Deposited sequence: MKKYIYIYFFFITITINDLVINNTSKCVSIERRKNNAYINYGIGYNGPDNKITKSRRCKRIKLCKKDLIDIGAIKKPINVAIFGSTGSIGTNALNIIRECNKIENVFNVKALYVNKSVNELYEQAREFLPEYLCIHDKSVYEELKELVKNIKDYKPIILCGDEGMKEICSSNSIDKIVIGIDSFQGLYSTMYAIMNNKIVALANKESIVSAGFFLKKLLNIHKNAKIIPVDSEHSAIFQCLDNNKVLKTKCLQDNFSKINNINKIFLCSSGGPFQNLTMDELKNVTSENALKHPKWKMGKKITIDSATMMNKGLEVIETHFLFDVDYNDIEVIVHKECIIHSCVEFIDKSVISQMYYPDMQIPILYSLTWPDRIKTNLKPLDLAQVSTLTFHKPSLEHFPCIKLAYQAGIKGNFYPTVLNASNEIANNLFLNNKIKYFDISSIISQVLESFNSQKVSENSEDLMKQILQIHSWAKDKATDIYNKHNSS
């Protein structure tokens, strides 16, 4: 009866939100068993989680805090977890028959490795890490075609919204990333909603001057805050939409909805549009990823639409947010351009965060790396294709850094 879940990246924003909603859902019935928690190096925070949830498995990626973990955990009475470390630990958890569903709340390109292994073990993968899809979309499709019982269920709020708007009667006959998913689901077009970020109303002159402090001062982590400010977050999410739902780029429309109530919309072939809405929230997306195709009761505050009162929609200016255009261009180009987009953005975003370049330099760097990249034949076997993605990702990060280094 209980859904057996692993939380990968349990100490971060997604991971802690997941454990919060699991905690609430488990107050009376045993709805979920938390079988495994995996983090990078937050050994103290992991220990506190282990004390509460008592998972069968604990894993730390950073082997240097393994002893520290082992020692902390001995303090917990009558608890004999399997304590693992690194890639080998990740792979052992993914292999466990006692795990059904894995929440991937690991950030950056790193989250791809666990995603890949979770699919290879025919698990349900509740994927929040959009960089994996953007970097490796075609590769994940291939894997999902081999590993017949694996599924990716989207957790990113807009993709969760789109997924929810679908009719599960059609969803159940396909799965995310599968060729023909949009046909089977009668999808015509997607309205991909965005907050628009902190700089949405600035003039071109004002935008030239913006700093990371101006973006940082809805409270989110730094990387995503900067991506929201440039709208590269939405750019990545366009490519994410295309891969998840097999929707053509020309049928994905970015819409700025600053109230952030409507989380995205699907237009079906009859032109009817379905949308999903709630307060800005990750608990519903995470919960749904674990309960789908069912829903369960929560005690979340009900949406008060009369109090919200007003919902607004407008088209983003691609002159002001050129990251959006770069994302569409890379996605349409296909091949490894999305990998290059993501990698170069990782560098450009961090340069801006750290006050080393200007706002328009972010898109300039990314553009230059994209223009520099030469298309490669797509390796035909899975393990060569993975190595290739890694090659290009690293190449693009280095190229971005080289561009920055040369031009100051």
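_Checking coverage: what stretches of the deposited chain sequence are missing C-alpha positions?_
Seq positions lacking coordinates: 1-75, 293-295, 487-488.
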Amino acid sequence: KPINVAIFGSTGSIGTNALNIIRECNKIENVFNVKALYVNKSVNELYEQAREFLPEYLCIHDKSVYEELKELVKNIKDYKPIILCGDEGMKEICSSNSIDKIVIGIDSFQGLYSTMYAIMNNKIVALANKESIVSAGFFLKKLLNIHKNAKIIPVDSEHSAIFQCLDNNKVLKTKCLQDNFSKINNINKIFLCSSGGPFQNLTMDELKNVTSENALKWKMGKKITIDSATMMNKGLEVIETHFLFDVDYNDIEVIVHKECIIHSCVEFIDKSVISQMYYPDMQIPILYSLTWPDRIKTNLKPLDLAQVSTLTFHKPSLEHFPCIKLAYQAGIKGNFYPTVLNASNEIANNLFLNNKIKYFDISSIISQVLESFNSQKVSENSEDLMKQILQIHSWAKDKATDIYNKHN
From here on, numbers count along this sequence of modelled residues.
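Heads up, when I say rigid core I mean the largest set of C-alphas that superpose within 1.5 Å between the two forms.
_Root mean square C-alpha distance from this form after a core fit in 9 other deposited structures of this protein: higher for 367-375 or for 353-361?_
Relative to the shown form, the greater RMS C-alpha distance in 9 other deposited structures of this protein belongs to 353-361.
*Which is farther from the shown form in 9 other deposited structures of this protein in C-alpha RMS with the core fitted, 206-214 or 149-157?*
Of 149-157 and 206-214, the stretch deviating more in 9 other deposited structures of this protein is 206-214.
_Quick check: 224-232 versus 140-148, which has the larger average CA B-factor in the record?_
Looking at the recorded C-alpha B-factors, 140-148 comes out higher on average.
_Segment of higher mean CA temperature factor, 158-166 or 328-336_ = It is 328-336 that shows the higher mean C-alpha B-factor.
*Taking the values straight from the PDB record, which of 195, 96, 275, 241 has the highest C-alpha temperature factor?*
In the PDB entry, the greatest C-alpha B-factor among 195, 96, 275, 241 is found at 96.
*Taking the Cα B-factors listed in the entry, which of 369, 36, 347, 378 comes out highest?*
The listed residue with the largest C-alpha B-factor is 378.
*What third of its chain's C-alpha B-factors does residue 403 belong to: lowest, middle or highest?*
Highest third, going by the recorded CA B-factors of the chain.
*What third of its chain, lowest, middle or highest, does the C-alpha temperature factor of residue 105 fall into?*
Lowest third.
*asked:* Using only modelled residues of the chain, where does the Cα B factor of residue 7 rank: lowest third, middle third or highest third?
replied: Its C-alpha B-factor belongs to the lowest third of this chain's values.
*Thinking about Cα B factors across the chain, which third does residue 218 belong to?*
For residue 218, whose C-alpha B-factor we compare with every modelled residue in the chain, the answer is the highest third.
*Could you tell me which third, lowest, middle or highest, the C-alpha B-factor of residue 351 occupies within its chain?*
Tercile = middle for this residue's CA B-factor.
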